[PDB]
C-alpha cells in the first residue's frame, strides 16, 4: 500500500515493545554489525543456489557494507521515529532483489540467519535481565520480519 500506511504498521509493530527493547536490540546490533554481515554472507556463499547471485569479491567490496547499513537502518527506525524513511529504503532494497530475481525464499532464510545470530548475541549480554532479554529477542524477530515483509512487497 502507501508508504504512509506502511510506516504506521512498522510503528504499530514496534509499539508492542518498550523503548528499552529497541535500545538493547540497537546496541547489540551496532556493536556486532560487521560480524553479523560476516555470518550472513558466509551462510549465503556456502549455498550454491545462493552463491549463484553472489561472489566473494562482491561481498567484501559492496554487500558487506550495504548489509551493515541495512542493519543500522532497521534498528534505528523506532528509536529515531524515522518510520517513513526506513520503509522507503526497504522498498528500494526489495526492488533491487526482485529486479535481478533473487529467490524470495533465500531472502526469508537470510532474515532468519540474522534473527538467530542477533538473538544468540542478546542471550550472552549479561547486562540484560532474563525478561528484558526475552522481550528484546521477540522484538528482534518482529522488526526484522517487518523489514523483510516490506522488502517482499516487490515480489507481488
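Residue numbers count along the first chain shown, from 1.
**Message:** Comparing average C-alpha B factors as deposited, tell me which of 33-41 and 50-58 sits higher.
**Reply:** On average, C-alpha B-factors are higher across 50-58.
**Message:** Averaging CA B factors per stretch from the PDB record, which one is higher: 4-12 or 145-153?
**Reply:** Stretch with the greater average CA B-factor: 4-12.
**Asked** Whose C-alpha has the highest temperature factor in the PDB entry: 67, 130, 114, 121?
**Response** It is 130.
**Message:** According to the Cα B-factor stored in this entry, which of the following is highest: 100, 28, 106, 93?
**Reply:** Highest C-alpha B-factor among the listed residues goes to 100.
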